[PDB]
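K.L.:
One structure coming up, written as structure tokens, with questions to follow.
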Amino acid sequence: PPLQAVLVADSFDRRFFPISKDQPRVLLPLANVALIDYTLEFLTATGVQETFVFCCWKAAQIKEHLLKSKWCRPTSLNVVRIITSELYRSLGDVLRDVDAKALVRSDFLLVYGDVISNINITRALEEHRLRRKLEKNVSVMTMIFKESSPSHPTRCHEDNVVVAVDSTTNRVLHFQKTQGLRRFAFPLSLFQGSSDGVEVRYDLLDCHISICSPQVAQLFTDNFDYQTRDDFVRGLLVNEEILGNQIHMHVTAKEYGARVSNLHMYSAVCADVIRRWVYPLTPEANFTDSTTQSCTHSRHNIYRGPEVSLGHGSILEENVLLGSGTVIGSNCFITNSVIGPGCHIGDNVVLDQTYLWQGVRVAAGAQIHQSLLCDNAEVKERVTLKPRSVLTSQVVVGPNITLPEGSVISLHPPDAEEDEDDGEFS
Amino acid sequence: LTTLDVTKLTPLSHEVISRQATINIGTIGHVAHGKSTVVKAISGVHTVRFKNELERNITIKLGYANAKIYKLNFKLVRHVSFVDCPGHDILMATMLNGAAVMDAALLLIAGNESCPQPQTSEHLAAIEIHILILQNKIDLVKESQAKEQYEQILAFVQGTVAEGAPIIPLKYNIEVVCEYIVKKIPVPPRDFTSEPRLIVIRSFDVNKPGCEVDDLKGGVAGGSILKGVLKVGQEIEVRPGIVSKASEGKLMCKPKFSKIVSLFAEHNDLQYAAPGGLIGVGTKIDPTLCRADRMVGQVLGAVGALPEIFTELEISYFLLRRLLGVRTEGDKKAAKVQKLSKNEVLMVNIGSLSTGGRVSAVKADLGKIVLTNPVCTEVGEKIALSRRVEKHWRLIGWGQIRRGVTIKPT
Amino acid sequence: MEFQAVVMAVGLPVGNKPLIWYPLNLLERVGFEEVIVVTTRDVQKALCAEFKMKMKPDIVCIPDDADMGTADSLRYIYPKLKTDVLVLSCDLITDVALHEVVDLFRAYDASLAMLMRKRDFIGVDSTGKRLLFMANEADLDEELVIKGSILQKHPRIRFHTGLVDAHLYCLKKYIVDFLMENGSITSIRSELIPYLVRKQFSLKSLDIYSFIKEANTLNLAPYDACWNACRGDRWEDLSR
Amino acid sequence: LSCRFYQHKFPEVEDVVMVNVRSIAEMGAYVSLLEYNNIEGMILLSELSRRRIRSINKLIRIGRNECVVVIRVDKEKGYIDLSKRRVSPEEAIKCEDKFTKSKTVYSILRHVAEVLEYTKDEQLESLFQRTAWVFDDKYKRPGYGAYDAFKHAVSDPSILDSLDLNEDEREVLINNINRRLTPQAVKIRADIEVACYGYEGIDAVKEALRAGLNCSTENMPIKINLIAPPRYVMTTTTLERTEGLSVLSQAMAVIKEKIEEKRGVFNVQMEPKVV
Amino acid sequence: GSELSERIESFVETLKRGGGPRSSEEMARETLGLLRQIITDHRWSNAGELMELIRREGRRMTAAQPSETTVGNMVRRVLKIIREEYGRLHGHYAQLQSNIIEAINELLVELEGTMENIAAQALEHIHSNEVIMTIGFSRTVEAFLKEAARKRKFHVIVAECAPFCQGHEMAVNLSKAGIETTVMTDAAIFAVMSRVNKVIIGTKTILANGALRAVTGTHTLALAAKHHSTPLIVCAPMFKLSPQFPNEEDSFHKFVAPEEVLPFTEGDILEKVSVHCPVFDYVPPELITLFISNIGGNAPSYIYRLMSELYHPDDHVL
Ligand SMILES: O=C(COc1ccc(Cl)cc1)N[C@H]1CC[C@H](NC(=O)COc2ccc(Cl)cc2)CC1
């Protein structure tokens, strides 16, 4: 049997504002590569034969981004199916359009458009297939989690997930989040339903690559109130007397899998991709065929593109990526940051955990720490930036104007904190 | 065996020539999976078995069980189709959505206590509407059943203050209840001269796995006939049809016409089919177009029914304050139907068509619900509105359709 | 001396042999030249004369009151205990050698060490030794509650539901000092377990450990486990 | 118990034979001729390759079968000079196919002699000369003629009736030939998704199925089965699978044309492949 | 056309993602098969056009995986075969193509018998009651030891690898033959080097100056063998020999995911730490005493001549 997959390339949460107001969150570059290309490379490394990309907001931009990619070529082993409609605005709507179109056949994969992973789940696929073969289509969904620590900077407090599963046949009994909860309550029927073994797990990072039967599309057509994945699981776990449909679980301890939801997950997944945690998906490996992203890997995870023309006194000590055509001046100090292609950096500048995209221009004497600079940006001289400062789509920051810690600037007034110009004062 | 034929001009509801589906009878009480046992004890355990499949919508669909109540080598005159629905709220929303639905309500009450399930059943029976009270707590003591009958007589006095005048307190009691239902429940007036509208509730596939190339039966759908008479050979008219969104925009609903090859009920039915029962029609449709519970919610018309496929219906928002007879001992803001918020899913039950729709806009008496699937019932019919309270779809209000956005492709 | 073994008597020798002899044999087989055994007075205050008719090396029998619990008997022998307390009971048929629970008490410097065997939900750490939660389904209004600190310090907690309490404890001196300082405790199996399990969720703290045996099981006060006492003693007391 | 493969005990000049290397010396590689009753030959060190060769063991692979052309033969002296340099890959494939057919004929006659319990090698050689070498001398083709006569006798046993060996030996040889060289069995299975979302959908589906079943040739019935609601399995259990796959493709094309004539889609879920 | 391009793209993606296949001999055989499938289904008039086509395809094949140099030096050996055939036929369309085809055929016959020649010459390098030290896992040194143990009795110390223990399967495969295998960690190498008689290892890539990249931890082992003056044996075939100089080109070591070194369940300290995992290590030629290939034994001061017998200096850039 073939291996189908659906890819929700439109995250329906209003989190990347006003970053997603210009280009969507699945087209942002981690290290000069959009997350669509990362997820599609993960899908071809898995071994799928055909995918179904679903995109609603700015879907023409996603379409023109991925038609010129490696996966739309006729020599690609994994074909794609671009499906465009502005009617759906939820993952359950995507799955009920899948059920209405009858695209999938048996044991299809479910992934978001912003999932970074390198897990081979053929073992979990065979486990799901044997669990469907013995119990006669009782197991419907196999969620996938990664072994992680609760104090890790990858999983934040907004996306921490605590489950309660079985120990010997790993079926999920309870599943919830910690969104503003200091004390957790678990039901009592999970012990009466299974007197053989039960374990509460908080060490599980969610990667949202939960493979599933085509019966979840049927259950989404029946229950219209199920909006997304987590309330669907929370409703299936409490409705066990009718339509039981036990959800099983797989854990990964040697492979990486995560997604993005805000600037914190973006920063953590970018720092993990730069530190080669998602190997083989590596920036110098060039998994997509493009000449503008070919790179070389020196010591201390220093990634250097072509035609950089590095200056005297510049220090690159740890976890530095430089795009193609990035102009770097003298006496710089860059660490734990990614720089886009075609940038211009001044003199006596520091870069601490920043994320600079293509087309930016940083003048001399600028102090940038833990920021995010989007496309075609401009930064003047004598400026000091604070952590968690976002500027999107060619925001110019005037001279002698420091920004606070919480400060997001864009061209849209009510979505961002303010709008900038050649002078930062209004 | 029956002796029906295809020679009929104007049949009646109490016609003994058909003897398949004469009248329908609703059943809503305090059963908690106890009404199916009463329907098996009244009609038969394995009597209703025509085409089984996987249970897709258990709490949303209602099952019809035929009963040929005979009298005196007995003689049968009229048959009763008992309609058992999982959850009384779905049966109440199906009854309070128009006409010719749940003509004979059967109140299956318990002679054990006076809990709130019977109060919610009485509230649903008052919101639906001829009631038929029946005690199922058999094999009790004499004085205990006397005190339970006194408590049920007080509950029936409150019922008779609303609508409450049946009187019935294991096989002998079932036979007495069947005789009382045959002697008390009159024949309801049904329109047989109108066009046949078969609202599908449960579709099945008659083709087995690995069948022959010539012996291939496809599109054996099943539902309920609202009005009219359906004969074999008549070209059916699926009002919803195939809804395809391949044009990258508004979905087009192409009506698929299929000639009705046979009308296969639970028994060996004839060519003519009347209303008031689970009518199963095997037409000349494809197996992929009519899969297991895929063609549900489609009005299978006969003469080109006027109801067009509506995508957005602006109706009159009229929600109740509290739940109909649902109030526990705590009642800590549990029976409190909230207002129609934006982007909220609601189960609009237009007759037998239970479709989900999101509340796109609402202005103070008018709510424009955008339905997920295309519905085609009428332009001003009484449409209900439900909401899942706690893992159960419960009714929240009713209204009348003021406007709609229609679409009809070809 | 490291331990002072105390055998509790709450409402006894009804079986194929004396029910108090098997804990006394389990104590006198390995060490325990000083054994303290309390007497029962709720059912009948005459079991001391029957317990003093045995043939053990050294038994210390004391009279007790009728209306008393386990914590009252811990507080009753407070001026005559100078070391760690190792609590027993009458209905304790244990074919498991108890050296391993003393190893769990000594090696991790635990304040409490108990033994369970295959009502009460016991959540233990993933190593299988240090308990983190325990609760009965009777005195709980909700189903269960779990703090965030015990999930942050211990991200996986394995829960068991088919466990019984063998009433084999190992107490520290400051625990019974707190028990003498707090006289509101009556049942030690419901007080010293739950209050210490709550106080362990504080660095510098206390350690509670438990072993889950898989060889045999204990008995009960009622007649539900009285049929398995003779069938368990006819095949396991031959090697003892 | 062994014999040679052909009526000649020694190969001719420039005749490519199949050998296996047995030992390595300084003068060359001692081999055994598998189709001439394991007589000893020698592949020369100068003839092992067209390139300067440092060691004989770099391309010898003692234990591996190889095709070598005969350069010099001496029946009196017992010297057989072989060469791996002269042989072409086309001649090597021809010698491999000829050795495979001759080994199949040798195994068939060895099974026939084991059924006849002829323990003597001279009686077994007489069975060889009466069964295979007579056809090889009649058709003037060693290896090809005997295998062609046995493939014709597996279908029409009139060629085996001309052998005057014995009454039971001819029947045992015919049974061994029909059990060894007559495995004519194949199953070309294919999946096709033909449907019609129109007025007479099931009627057009049944008409396309009848048109596909009517195109089934003789001794090759294309059996159609409903594996799914939208998918169908068109199997064909017949010999000559190179023609059976073409017949299944023609039936699938006829079914697709009959589906497209009645306004219905017809996708190919699986091509014609052997089971 | 289509089949060739999809096989080339699948080969590039298989070299890009992981180790496909497992053994290097099957990878060399499928590289020969890909090259012969390319040259039998293409058209050329001059040999320089075929040279530039094989150069353009080999640039992509080394850009797919720069650590896997087997495809690179195999493409270079095929290019020198093209150069020798054009030189011997210049001083030519079907005869030249048949000569290249039979040269690739006899190269495959040579490639199939490397391990049996190494096992055949294993008898003149192992004596009885010997202490053998081996790092990592390779089938060449395993066949070496399992053929030398057919007539001799000795002891092998199989040291595991610290990122991923690949020596455990080699230890349980050698102990089935009964060679008294001793297993230890990587930190005891000098702590066992006072008793090791001879070190016999394999490698991943033989460099041009006699140096070698191999599995990590063997540069330390070669330093300890030079300190204790024990001879070093490299059981390596003739397709792991490459002209790529160590300090010339970048991307020498293959860096892999740090989950095998430091797991993801470590805690909050994974943000303020920098974990590297180089799976390969560089060994200079002065710490090597003897190379063992199918043609026999060679000094590390002789590998250049093998270059002059297998590679052209004009093809070193590819
Ligand atoms: O038993 C072993 C196992 O070796 C190890 C296994 C594991 C580890 Cl961690 C370390 C060493 N090695 C033997 C090998 C023969 C040797 N020598 C002899 O037995 C005889 O000694 C002589 C005698 C004469 C001469 Cl010329 C040389 C050595 C002793 C040690």
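Here, A, B, ... name the chains of the structure tokens in the order displayed, residue numbers run from 1 inside each chain, and ligands are numbered from 1 in the same displayed order.
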Please give me, as a ChimeraX atom specification, the residues lying within 8 Å of ligand 1 when counting only C-alpha atoms and all ligand atoms.
P.N.:
/E:128-131,154-157,180-184,192,195-196
K.L.:
Could you please tell me, as a list in words, which residues of chain B have an atom within 7 Å of chain D when using only C-alpha atoms?
P.N.:
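Those within range of chain D come out as residues 209, 210, 211, 212, 213, 214, 218, 256, 257, 258, 284, 285, 286, 287 and 288 of chain B.
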K.L.:
Skipping near chain neighbours, those fewer than 5 positions away, what residues fall within 12 Å of residue 140 in chain C using only C-alpha atoms, listed as a PyMOL selection string?
P.N.:
(chain A and resi 188) or (chain C and resi 119-121+134-135+145)
K.L.:
What's the separation between CA of residue 15 in chain D and CA of residue 69 in chain D, in Å to one decimal place?
P.N.:
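CA of residue 15 in chain D sits 5.4 Å away from CA of residue 69 in chain D.
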K.L.:
Find the spatial neighbours of residue 51 in chain E, counting only C-alpha atoms, within a cut-off of 9 Å - ignore same-chain residues fewer than 3 positions away - and output them as a list in words.
P.N.:
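Surrounding residues, per the criterion: residues 46, 47, 48, 54, 55, 56, 79, 82 and 83 of chain E.
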K.L.:
Those selected residues, please, written with C-alpha atoms and delivered as a PDB file, in the first residue's frame.
P.N.:
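selection_22.pdb, freshly written:
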ATOM      1  CA  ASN E  46      34.911  12.548 -28.497  1.00  0.00           C
ATOM      2  CA  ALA E  47      36.223  11.105 -25.245  1.00  0.00           C
ATOM      3  CA  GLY E  48      36.469  14.600 -23.748  1.00  0.00           C
ATOM      4  CA  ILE E  54      31.289  12.150 -15.931  1.00  0.00           C
ATOM      5  CA  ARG E  55      32.932  15.211 -14.307  1.00  0.00           C
ATOM      6  CA  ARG E  56      29.614  17.097 -14.145  1.00  0.00           C
ATOM      7  CA  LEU E  79      37.863   8.645 -15.791  1.00  0.00           C
ATOM      8  CA  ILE E  82      38.608   6.497 -20.213  1.00  0.00           C
ATOM      9  CA  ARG E  83      41.910   8.386 -20.512  1.00  0.00           C
TER      10      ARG E  83
END
